[PDB]
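One chain is shown next in structure tokens, namely the form deposited in one PDB entry.
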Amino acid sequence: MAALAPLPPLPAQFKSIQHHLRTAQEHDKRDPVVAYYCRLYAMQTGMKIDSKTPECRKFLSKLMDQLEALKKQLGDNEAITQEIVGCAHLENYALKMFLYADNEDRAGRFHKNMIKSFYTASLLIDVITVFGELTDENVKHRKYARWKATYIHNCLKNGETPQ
């Protein structure tokens, strides 16, 4: 296991994945499994958005290189080799985060920390889709997480206590 050098300035054309990359940077230390899959999403999303401009072409090339090196570092890892356990693990992680926010939600305790939990949970769901699965059930949750994320945030700006 080792820490790879940071990627060069990220253009605005990748503002959408910008957050995803940062999330991986953090998860990289806590858990390379999530960070690994996270990088995959970026690359897949990166090419989907574009695939030209010497800036992008180079960016993708660099990102791809990091992915290859990362996979090698782990070697096998049941989480990487066997997507079966890796996927199941991701699902559990998202659930724990979501439930945690839900637990405090009904408890009548709202805060910025929870806001991040809902939003972050949404990012995790995206990382799950890359697998190719993703059922309607998860989709419903994503819609709720996004709504709850903004609903609370929007209400915060308005100066109103969540409910």
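The numbering used is simple: start at 1 and walk along the sequence shown.
Heads up, the form deposited with a partner chain bound isn't pictured, but that's what we're talking about next.
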{"item": "Contact flag, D65 vs the partner chain in the deposited complex, heavy atom cut 4.5 Å", "value": "yes"}
{"item": "4.5 Å heavy atom contact, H89 and the partner chain in the deposited complex", "value": "no"}
{"item": "The partner chain contact at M47 in the deposited complex, heavy atom, 4.5 Å", "value": "yes"}
{"item": "Proximity of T135 to the partner chain in the deposited complex, heavy atoms at 4.5 Å", "value": "no"}
